[PDB]
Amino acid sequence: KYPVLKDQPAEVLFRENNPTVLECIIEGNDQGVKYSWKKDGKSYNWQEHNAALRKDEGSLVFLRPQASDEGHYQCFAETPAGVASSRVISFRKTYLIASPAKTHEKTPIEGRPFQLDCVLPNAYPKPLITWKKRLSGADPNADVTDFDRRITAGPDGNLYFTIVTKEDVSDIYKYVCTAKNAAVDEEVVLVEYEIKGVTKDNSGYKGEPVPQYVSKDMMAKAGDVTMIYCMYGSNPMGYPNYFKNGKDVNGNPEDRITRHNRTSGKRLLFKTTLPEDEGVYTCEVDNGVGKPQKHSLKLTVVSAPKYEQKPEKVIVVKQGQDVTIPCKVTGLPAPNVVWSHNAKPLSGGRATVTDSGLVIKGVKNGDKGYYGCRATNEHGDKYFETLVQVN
């Protein structure tokens, strides 16, 4: 069609020393366009560095990225129409650093809350912690098994036994904690545990529910999946009740929000979070034994800028007519829009900024070019630009 940039990702991770590319393709008629990158604001001279530009595009390929290559990169394609711009792309280094897996033996007291600790590694992005009952000497792809309902992993990465019993003992299964992320191809093992036996309880634990883990106030992105945890150690095992500002909220195994997600009520799951879920959530654990326990949490839903009206890819107008580049953005907190024309700030002349778009009245020739709408807030930075081709 016309010379326009293809959309690109918000962030691109790279494994140190591994070749990675920062995309930048020109859709349509890409004749005589010159591409240039800018990093962290100042201009980037790739020729000088250890990088190269992909052939028929502006994509910058790092031949061996270093930690010092991290940064904010923006691309600019100079075309007959003007200067297209890419969103600002975040280039970060992905990794997972963990000390060698150490195997530990444990002999916990029977009928009493327990928990295996996991040593979270230094990594980015945040890794995925998984816990598994690992059969020894078996093949990696055929060694996992299931945990009782008494056992659940918290969002902190630890395994929680509401009460540990003798059935939790084994001479061949290991309680392993593993982590994986974009920096490795197969999960890494952080620590291993072996429950070899269980001591009898002399100091008679009553059974009163005691906090093992409980979610604190939190933020949540609308459309995301939220999980509020209420893990208590009780005897017998209790089923937490959940209330949103006082009203019941347990639902069923298949509602949007429910405590029935195979965790024995240890977790209230929002299959999908909405703004209306904001409120103070309370949970109560009563198991007969002792005083019942209560906990309060405030779920706050926030959101990255959302384009209720994505700028048009292209707008062709005739010298004279008035053009209206549409653009409406919403968000929480409210995003703040910044307009650009050919990669620079506006200039009072004819361009009128409304909340539903930009309006240029007396369209002359020097008005042609790319108009960019940048929506931003502490939860995201987005950018979409429309090429205004007049003639």
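All residue numbers refer to positions in the sequence shown, first residue = 1.
Taking the PDB entry as given, 231-239 carries the higher mean Cα B factor of the two stretches 231-239 and 187-195.
The mean C-alpha temperature factor is higher for 301-309 when 301-309 and 96-104 are set side by side. Of the candidates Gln66, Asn336, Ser356, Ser43, the deposited coordinates give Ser356 the top C-alpha B factor. In the PDB entry, the Cα temperature factor peaks, among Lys216, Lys200, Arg87, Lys133, at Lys200. Placement of the Cα temperature factor of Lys206 within the chain: highest third of the modelled residues, per the deposited record. Ranked within its chain, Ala375 lands in the lowest third, by CA B factor from the PDB record.
Among the modelled residues of its chain, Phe114 has a C-alpha B-factor that falls in the lowest third according to the deposited record.
The PDB entry assigns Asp171 a C-alpha temperature factor belonging to the highest third of its chain's modelled residues. Annotation for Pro19: CA B-factor lies in the middle third of the chain's modelled residues.
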